[PDB]
Amino acid sequence: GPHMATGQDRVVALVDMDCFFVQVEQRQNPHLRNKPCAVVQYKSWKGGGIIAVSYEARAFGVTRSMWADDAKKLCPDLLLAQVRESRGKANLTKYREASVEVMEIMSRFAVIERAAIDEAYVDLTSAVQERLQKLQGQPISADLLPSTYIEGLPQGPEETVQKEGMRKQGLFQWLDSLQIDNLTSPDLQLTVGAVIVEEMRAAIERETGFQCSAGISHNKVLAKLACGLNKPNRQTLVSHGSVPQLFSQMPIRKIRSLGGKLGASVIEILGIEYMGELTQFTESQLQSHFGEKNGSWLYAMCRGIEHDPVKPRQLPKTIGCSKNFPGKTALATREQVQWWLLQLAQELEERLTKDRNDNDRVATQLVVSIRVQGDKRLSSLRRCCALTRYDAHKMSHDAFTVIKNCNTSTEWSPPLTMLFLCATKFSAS
DNA sequence: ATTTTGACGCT
DNA sequence: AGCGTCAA
Ligand SMILES: Nc1ncnc2c1ncn2[C@H]1C[C@H](O)[C@@H](COP(=O)(O)NP(=O)(O)OP(=O)(O)O)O1
Ligand SMILES: [Mg+2]
Ligand SMILES: [Mg+2]
């Protein structure tokens, strides 16, 4: 009753760029704008692998991971932009730099947690408190929320036939119901959060040209889920009260962290399909099947409650470079292995030197990882060494030294299907 | 031959 | 420390 926490203490947003790498390339090349477009890496093997797809191309069925030759079978007029290749490998610098543009804009509004190259969480609790104080009892106009959806609305009792009509009808129902007079109202706090996110998204688009979607809720899992509900170029508010109906038909795998083996086990062991069905288990039952940590997390999450903080971290914690060597291209000679370690180490050196100048820090550990032909696991072996000098020849030599005894017997066997260098354990400089 | 990353958990 | 999970 009066003591049941409801996980309504925070306002959290997740901002995710729409078809991000495609938009970077469309900004650079106006010929690609408003077209079915994709970004591809490599070209010789089946036209290259698609890693990003414009919404116009998705309408034809083009997806991430498709070979470009096959995408062309679905979408003959598909336009393609190629990832830069340097030193024999795909080089993602352009997208990392565009990411920095967006992150630097978002951080003007609030503390952000960089969650991936194109998305960040925002803890808006303090900003909402401030805006509620400058704005005192003044109602919030629908004009302040021109691209916001209220999940679950409209409900109940003809513009309803088109999607913008429905959006406005749901928003009107929501705002009509709001009580602006209580500064402690969670629903009001979320609404002010959404106003701020509209401002943030407008700033991102104005200052970079890039469009994005966003979720606004009380925690990161719900913000992330909300964000995906009305992509692209829209934002979605998931209130605490919307959770029971939303979760009643939500496949377990759609919640972040449950998309893999753990989610599959939740489905298989409990014989359920949707997140809401989890409410019928005690915390102890869930802990018994999935462990203390997972059990408690699931017990709270299925009720819309999660406490994971927005971490104050705008910069990546590691800087890595990897290359796969599939099928017949697997590395089978000592010289091959050393040459590719050098290529990787040279890209890594460039990125580390820039990072040291920009961010006043230095990496102190080098992690070397390899995969052997036949092993399905991403990494077959991982070994570390000291990272004491930003020198590509030294880093590549040290990596060879730490992995050379994996070679069973001038020849390398079994052939290597992946090399990976990662700089870790940063200290201030 | 789904590539190139990145964060965090378990022991 | 080294491996495993999940993710974009
Ligand atoms: N498996 C993968 N491998 C390589 N790059 C990937 C990737 N998944 C994503 N990327 C890269 C390429 C992507 O552009 C970028 C962001 O990933 P998203 O946010 O998952 N997808 P996007 O922004 O394209 O579309 P929208 O969000 O509107 O659905 O990260
Ligand atoms: Mg995105
Ligand atoms: Mg994303």
# chains A, B, ... in the order shown; residues from 1 in each chain; ligands from 1
>>> interface_residues(of="chain A", to="chain B", cutoff="8 Å", atoms="only C-alpha atoms (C1' of nucleotides)", output="JSON, numbers by chain")
{"A": [41, 45, 49, 65, 90, 116, 316, 318, 320, 321, 322, 323, 324, 326, 327]}
>>> residues_near_ligand(ligand="ligand 3", cutoff="7 Å", atoms="only C-alpha atoms (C1' of nucleotides) and all ligand atoms", output="list in words")
residues 16, 17, 116, 118 and 119 of chain A; 8 of chain C
>>> closest_atom_pairs(of="chain A", to="chain C", cutoff="8 Å", atoms="only C-alpha atoms (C1' of nucleotides)", output="CSV")
residue,atom,partner,partner_atom,distance
A:116,CA,C:8,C1',6.2
A:117,CA,C:8,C1',7.4
A:257,CA,C:6,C1',6.1
A:259,CA,C:6,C1',7.5
A:260,CA,C:6,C1',6.7
A:382,CA,C:2,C1',6.5
A:383,CA,C:2,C1',7.5
>>> residues_around(residues="residue A:190", least_positions_apart="2", cutoff="7 Å", atoms="only C-alpha atoms (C1' of nucleotides)", output="PDB file with C-alpha atoms, in the first residue's frame")
ATOM      1  CA  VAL A  11      12.719  10.763 -15.439  1.00  0.00           C
ATOM      2  CA  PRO A 186       5.090  11.367 -11.820  1.00  0.00           C
ATOM      3  CA  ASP A 187       2.934  11.722 -14.926  1.00  0.00           C
ATOM      4  CA  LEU A 188       3.504  15.474 -14.964  1.00  0.00           C
ATOM      5  CA  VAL A 192       7.927  17.919 -18.756  1.00  0.00           C
ATOM      6  CA  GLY A 193      10.663  15.382 -19.544  1.00  0.00           C
ATOM      7  CA  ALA A 194       9.078  14.915 -22.947  1.00  0.00           C
ATOM      8  CA  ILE A 216      10.761   8.934 -22.029  1.00  0.00           C
ATOM      9  CA  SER A 217       9.889   6.890 -18.939  1.00  0.00           C
TER      10      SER A 217
END
>>> select_by_dssp(residues="stretch 186-414 of chain A", states="strand (DSSP E or B)", output="CSV table (one decimal) with C-alpha atoms, in the first residue's frame")
chain,number,residue,atom,x,y,z
A,212,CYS,CA,16.4,10.7,-34.0
A,213,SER,CA,13.7,9.0,-31.9
A,214,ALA,CA,13.4,9.0,-28.2
A,215,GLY,CA,11.7,7.2,-25.3
A,216,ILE,CA,10.8,8.9,-22.0
A,217,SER,CA,9.9,6.9,-18.9
A,235,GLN,CA,9.3,10.2,-29.4
A,236,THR,CA,7.2,8.1,-27.1
A,237,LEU,CA,6.2,8.5,-23.4
A,251,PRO,CA,7.3,-10.8,-25.9
A,274,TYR,CA,4.9,-12.1,-22.4
A,313,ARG,CA,30.0,8.4,-19.0
A,319,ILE,CA,39.2,1.5,-27.9
A,320,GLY,CA,39.4,-1.6,-30.1
A,321,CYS,CA,40.1,-2.7,-33.6
A,322,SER,CA,39.2,-6.1,-35.1
A,323,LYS,CA,39.1,-7.9,-38.3
A,324,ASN,CA,37.5,-11.3,-39.3
A,331,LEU,CA,45.5,-16.5,-41.8
A,332,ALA,CA,47.7,-19.5,-42.2
A,333,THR,CA,51.3,-18.1,-42.2
A,361,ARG,CA,43.7,10.0,-20.6
A,362,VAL,CA,46.0,7.1,-21.5
A,363,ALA,CA,45.3,3.4,-22.0
A,364,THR,CA,47.5,1.1,-19.9
A,365,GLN,CA,46.5,-2.5,-20.9
A,366,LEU,CA,46.4,-4.1,-24.4
A,367,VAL,CA,44.0,-7.0,-24.8
A,368,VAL,CA,44.7,-9.4,-27.7
A,369,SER,CA,42.0,-11.8,-28.8
A,370,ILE,CA,41.9,-14.4,-31.6
A,371,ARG,CA,39.5,-16.9,-33.0
A,372,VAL,CA,40.5,-20.2,-34.5
A,381,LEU,CA,41.6,-16.9,-26.8
A,382,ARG,CA,42.3,-13.6,-24.9
A,383,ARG,CA,45.7,-12.5,-23.4
A,384,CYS,CA,46.7,-9.1,-22.0
A,385,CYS,CA,50.0,-7.2,-21.9
A,386,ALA,CA,51.1,-3.8,-20.7
A,411,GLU,CA,53.2,-21.7,-40.8
A,412,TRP,CA,50.3,-20.9,-38.5
A,413,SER,CA,47.8,-23.7,-37.6
A,414,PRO,CA,45.0,-23.8,-37.0
>>> atom_distance(atom1="atom CA of residue A:246", atom2="atom CA of residue A:156")
16.3 Å
>>> residues_around(residues="residue A:342", least_positions_apart="5", cutoff="7 Å", atoms="only C-alpha atoms (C1' of nucleotides)", output="PDB file with C-alpha atoms, in the first residue's frame")
ATOM      1  CA  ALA A 392      52.082   0.473 -33.452  1.00  0.00           C
ATOM      2  CA  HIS A 393      55.184  -1.651 -34.065  1.00  0.00           C
ATOM      3  CA  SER A 396      51.854  -5.461 -32.744  1.00  0.00           C
TER       4      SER A 396
END
>>> select_by_dssp(residues="stretch 36-185 of chain A", states="alpha helix (DSSP H)", output="number ranges by chain")
A: 55-58, 68-74, 93-107, 125-134, 163-177
>>> atom_distance(atom1="atom CA of residue A:189", atom2="atom CA of residue A:153")
17.9 Å
